[PDB]
Amino acid sequence: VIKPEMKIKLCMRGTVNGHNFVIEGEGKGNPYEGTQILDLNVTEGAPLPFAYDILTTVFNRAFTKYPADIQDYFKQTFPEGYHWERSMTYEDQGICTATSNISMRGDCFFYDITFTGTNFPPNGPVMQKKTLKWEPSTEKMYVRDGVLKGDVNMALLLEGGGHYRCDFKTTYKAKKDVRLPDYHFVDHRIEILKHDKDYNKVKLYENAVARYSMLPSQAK
Amino acid sequence: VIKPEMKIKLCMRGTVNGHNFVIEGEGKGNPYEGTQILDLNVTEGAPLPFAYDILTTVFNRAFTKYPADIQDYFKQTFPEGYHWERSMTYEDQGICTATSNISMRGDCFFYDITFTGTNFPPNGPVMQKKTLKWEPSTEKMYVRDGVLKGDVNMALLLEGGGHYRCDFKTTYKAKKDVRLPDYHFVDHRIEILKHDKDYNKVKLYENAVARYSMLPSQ
Amino acid sequence: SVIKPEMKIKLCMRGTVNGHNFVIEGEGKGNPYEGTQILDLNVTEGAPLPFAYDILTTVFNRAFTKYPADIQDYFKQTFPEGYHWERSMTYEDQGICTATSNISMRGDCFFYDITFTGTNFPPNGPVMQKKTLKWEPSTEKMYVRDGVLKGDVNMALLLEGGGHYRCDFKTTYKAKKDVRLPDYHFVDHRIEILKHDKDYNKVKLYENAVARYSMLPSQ
Amino acid sequence: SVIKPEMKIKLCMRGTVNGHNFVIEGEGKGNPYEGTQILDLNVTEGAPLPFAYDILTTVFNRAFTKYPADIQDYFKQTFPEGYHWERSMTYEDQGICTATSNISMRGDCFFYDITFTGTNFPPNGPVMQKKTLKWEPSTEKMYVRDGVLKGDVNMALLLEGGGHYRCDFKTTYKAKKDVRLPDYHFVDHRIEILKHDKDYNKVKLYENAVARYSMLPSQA
C-alpha cells in the first residue's frame with residue numbers, strides 16, 4: 001500500500017494575527033527513507049506578514065524511517081489514512097493550532113490542513129520575520145488512550161544567534177486498528193531549501209528517523 | 001453609531017477533534033446594558049460529538065456595560081470594527097484557538113469566526129459531553145502594545161459536581177485609533193437558555209459589566 | 001470560636017530566587033471577619049534582595065477574608081489546628097515560583113512557616129531589574145477539587161510606565177482536618193505595600209479580601 | 001584540570017512535597033568524562049516519603065556528561081568555582097515542582113546544596129499514589145540565552161499499567177566564571193533506580209548522559 005516513492009498534494013487554509021491565507025503544495029518523497037520535498041505556493045493572502053517557519057512542520061509522519069523493531073503507526077494506517085491535531089505554544093504566548101486530514105489515492109497522499117495563529121506580539125520574532133530556521137529536534141512518541149501522541153521541544157534560530165522556543169503537542173489518530181508502538185523517539189531536521197523574497201514560493205525538505213534511546217539500560 | 005438595540009449575524013467554521021462543522025447565528029441585544037441573545041443553528045456536521053459549551057464564549061465585547069469613568073475600547077471602534085484572537089488552554093491539555101472579525105452594517109453586527117479544538121482526551125468531559133455550564137467569571141483587561149488584552153480563568157461545572165478549568169487569553173484589536181482604557185475588570189455570566197437534544201439549536205445569552213475593583217485603596 | 005475578631009500574626013519565610021538565599025521574618029495583626037490585615041516584614045538574611053519584592057507579597061492567609069454568611073468559609077473553621085497551602089506562580093516570561101505555607105495558631109496569634117523558590121527569571125526582566133510598582137487588585141476563582149479547595153487567580157504587576165507583567169497563580173488550600181467545603185465563588189483582593197526602606201529590608205504590607213458570588217443575576 | 005577521571009559526590013536536599021517536609025542526604029561517585037555516576041541516597045527526615053521518589057531523581061549535575069570534542073563543555077569549564085542551576089518541572093495534571101542546586105567542589109569531591117518544592121499534585125494522581133515505574137530515557141535541548149545555558153526536556157514517567165505521565169522540564173544553568181559557550185545541542189539521558197528499599201528510604205541511583213549534535217545531515 002505505502003510505495004517506496006509517494007507523491008503529495010496539499011491545501012492549507014490559515015489565519016494568523018487575523019491575516020487569512022491559503023497555501024497549496026505538491027511534492028514527493030520516499031516514506032521508507034524518511035525523506036520528502038515539497039513545493040509550496042501561497043495562492044491567497046500573499047505576501048504573508050509573519051515568519052514562514054511557523055507553518056513548515058504543518059506541511060506527515062508516514063515519511064519517517066522506522067527500524068523493524070519499532071511498530072510504524074503511520075504506515076500501518078493506510079489506505080484508510082489518519083488525521084492529526086497539534087498545539088504549538090510559543091514562549092512569548094503566541095499559540096498556534098493546526099489539523100490535518102491525511103488520505104491516499106493511488107501513489108499520492110492528500111492533506112487537508114487548517115492552521116490558526118493567535119496572540120503573537122507585534123514586535124516579536126514571528127511578526128517581525130526574525131527567524132532563520134527550526135533547529136533539528138527529537139520528538140517523544142507515546143501511546144495514550146489507544147492513539148499516538150508526539151511531543152517535541154522546538155526552537156527557532158533567530159537573526160542574531162538566540163533561540164525562540166515553542167512546545168509542540170500532537171495527537172496522531174489512525175482510521176484503522178493498527179499495532180501500537182512502545183515509547184520511542186523521532187529525530188527530525190526540517191529545512192527550507194529555497195524560497196523567493198516574500199516566501200510566496202518555497203521548497204521544503206524534512207528528514208525524520210525513529211529510534212529507541214542509544215543508551216543502554218543498567219537497572220535491567 | 002452603536003444603537004440602543006443592535007442585531008447580530010454570525011458564521012463559525014470550526015473543527016474539534018478532527019470533526020468539521022459550521023454554525024450560523026442571529027440575534028440581538030442591548031450594547032449599553034451589556035446583554036444579548038443569540039439563536040444558533042448547526043448547519044454542517046450535526047450532531048456535534050463534543051460539549052457545546054466550549055463554543056459559547058466564541059459566539060463581542062461591544063455588548064458590555066461600561067461605566068463612564070472607564071474608556072470603552074469596543075464601542076469606540078465602530079463603525080470600522082475590530083477583530084479578536086483567543087487561546088483557550090484546558091487543564092487536561094485540550095487547546096482551542098478562535099478568531100473573529102467583527103464588522104457592522106447599519107443596526108447589525110457581523111461576525112466571521114474560526115474555531116479549532118485540539119487534543120481533547122476522548123474520555124474527558126468535553127468529548128463525553130459532561131458539561132453543564134460555564135461559571136460566571138471575572139476577566140482582567142489590560143493594554144499591551146497599543147491594543148487591549150483580556151485574560152480570564154474559566155470553569156465548566158460538570159455533571160456529577162466538580163469543575164473543569166480553562167485559561168482564556170484574548171487580544172482585542174481595534175481597526176482605528178481609540179482612547180485606551182486603564183486596567184479594569186469585566187464580569188460575565190453566559191448561559192444557554194434553551195437547546196434541543198443534540199444542541200443543533202441553541203439559544204444563548206450573555207450579561208457583561210465592566211468595573212474597577214470593588215475594594216478601596218489604603 | 002477560636003478565631004477572634006482581632007488576631008496577631010507571626011511568620012518566617014526561607015527563600016531562594018535566582019540562586020540567592022534569603023530569610024524574612026514578619027509580625028502583624030488583622031481582623032479576620034473583616035478581611036483586612038497588616039504586616040511588618042524584615043529581611044534577616046540575604047539583604048539586600050536582588051529582585052522585586054512584589055513577587056513575595058502574596059505569600060506573606062485566607063483566614064483574613066470577609067465571608068458573607070451564604071458562602072461557606074473554608075478557612076476559619078480549620079482552626080485551631082489550621083491548614084496548609086501550596087502555590088505555583090507562572091510568569092509570562094517563564095519565571096516560575098513555588099511557595100508553601102503551614103498555618104497554625106496558639107492563643108490569639110497565627111504562625112506561618114513558609115518556603116519560597118523562584119526559578120528562571122530573565123536577567124533583564126522586570127523582576128530582576130526591579131521594575132514593578134504593585135500588584136493590581138484581583139479576583140480569585142475558588143472551587144473544590146479532590147476534597148480540598150483550589151484558588152486560581154490571573155495576577156498582573158503594574159510596571160514603571162504603565163504596562164503590565166502577568167502571572168498565573170494556582171493555589172491549593174488544605175485543611176488539617178475534615179471541614180465543610182464551599183460552592184464555587186470568588187475572592188476579591190487588593191494587596192499593597194504601605195511603606196518600605198530603599199532596599200525593601202523593611203516593608204509594611206496590607207491586604208483586603210472579600211468573598212462573593214457573581215453580582216450578575218442568572219436567567 | 002580540576003575535573004578528575006573519577007569524582008566523588010556529596011549532597012543534601014531539603015524538600016517539601018504536598019505539605020510534607022523531608023531531608024535526603026547522598027553520597028557517591030562518577031566518571032565525568034564518561035557521563036556516568038552512582039549515588040546512594042538516604043532519607044534522614046520525613047521518612048517514609050508519601051510520594052513517588054522518581055519526582056526527585058533528576059534533582060540528585062551536568063559535569064557528569066560525555067561531551068565530544070566539537071561541542072563546548074559548559075559544565076566542566078566552570079570548576080573549581082562551580083555553578084548553580086534552577087529548574088521548573090510542570091506536570092500534565094498541574095503538579096508543579098521547582099528545584100535549585102548549588103554545586104561546589106573541594107579536592108576530588110562535588111558538593112550539592114539542593115532545595116525541592118512540589119505543589120498541587122492531585123491526591124489520586126500517580127505521584128501521590130506511587131504509580132510510577134521509571135523516567136523514560138530522554139533528549140534535552142541545550143541553548144544559550146543571556147550568557148548562560150538553558151536546557152529544556154520533555155520527560156515522561158512510565159506508569160503501572162503501561163501509560164505515561166508527562167512533565168516539562170526547563171532548566172537554567174549558571175556558571176560562576178566565564179566559560180566558552182556552546183552552540184545548540186542535545187544531551188541524551190537515561191536515569192535509573194538500580195536498587196531501593198521498601199519505602200525508598202535508601203535508593204541507589206544511576207545516570208548516563210551524552211552530548212551530541214543531530215545525527216541527521218543538512219541539505220541546506
Side-chain angles (χ1 to χ4, degrees), chain C residues 13-22 51 59 82-91 93-104 113-125 127-129 143-152 167-176, chain D residues 13-22 51 59 82-91 93-104 113-125 127-129 143-152 167-176:
Chain C
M13 162 190 285
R14 295 154 206 84
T16 303
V17 171
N18 206 67
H20 181 87
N21 298 322
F22 62 94
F51 56 84
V59 169
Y83 75 98
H84 76 94
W85 61 254
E86 307 160 21
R87 183 180 293 157
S88 68
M89 295 158 280
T90 305
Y91 289 84
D93 69 351
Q94 319 292 289
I96 294 187
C97 299
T98 51
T100 67
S101 188
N102 177 0
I103 305 189
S104 67
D113 181 30
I114 296 153
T115 69
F116 190 94
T117 301
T119 64
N120 292 335
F121 285 112
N124 299 307
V127 169
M128 297 306 307
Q129 293 301 323
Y143 57 103
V144 171
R145 171 65 59 78
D146 298 335
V148 299
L149 183 55
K150 286 201 183 272
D152 293 347
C167 185
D168 291 338
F169 284 23
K170 295 179 144 53
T171 312
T172 302
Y173 301 101
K174 306 176 173 184
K176 286 166 184 162
Chain D
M13 168 186 287
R14 317 196 53 103
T16 304
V17 172
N18 209 73
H20 184 92
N21 300 342
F22 58 98
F51 56 81
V59 176
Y83 72 111
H84 86 93
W85 63 254
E86 311 167 20
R87 186 175 299 157
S88 70
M89 295 153 280
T90 299
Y91 294 85
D93 64 351
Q94 326 282 287
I96 294 190
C97 302
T98 56
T100 69
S101 181
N102 185 235
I103 298 179
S104 58
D113 189 18
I114 301 170
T115 71
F116 186 97
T117 302
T119 69
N120 297 327
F121 280 111
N124 296 135
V127 173
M128 292 315 303
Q129 293 301 128
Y143 56 98
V144 166
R145 180 161 300 169
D146 300 320
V148 296
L149 193 56
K150 287 182 179 283
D152 296 345
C167 187
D168 288 346
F169 283 24
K170 293 182 161 53
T171 311
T172 303
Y173 313 87
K174 313 186 172 177
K176 289 173 173 177

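Letters A, B, ... mirror the listed sequences (proteins, then strands); counts begin at 1.
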Drop me the distance from [X]'s [atom1] to [Y]'s [atom2], to the nearest 0.5 angstrom.
X       : Y       : atom1 : atom2 : value
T172(D) : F121(C) : OG1   : CZ    : 11.5 Å
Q94(C)  : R145(D) : CD    : CZ    : 8.0 Å
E86(C)  : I96(D)  : CD    : CD1   : 12.0 Å

So do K174(D) and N18(C) actually touch side chain to side chain, heavy atoms under 4.5 Å?
yes

Applying side chain to side chain donor-acceptor pair (under 3.5 Å) to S88(D) and not counting sequence neighbours gives none

Using the test side chain to side chain donor-acceptor pair (under 3.5 Å), find all partners of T90(D) that sit at least two apart in sequence or belong to another chain.
none

What part of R87(C) is in contact with chain D, defined as an atom under 4.5 angstrom from a non-hydrogen atom: side chain, backbone, both or neither?
backbone

Heavy atoms of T171(D) and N120(C) approach each other most closely as C-OD1, 4.1 Å

Residues passing the side-chain contact (heavy atoms from CB on, under 4.5 Å) test with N21(D), sequence neighbours excluded, are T16(D)

Using a heavy-atom cutoff of under 4.5 Å, enumerate the residues of residues 97-104 of chain D that contact chain C, numbered in order, or state 'none'.
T98(D), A99(D), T100(D)

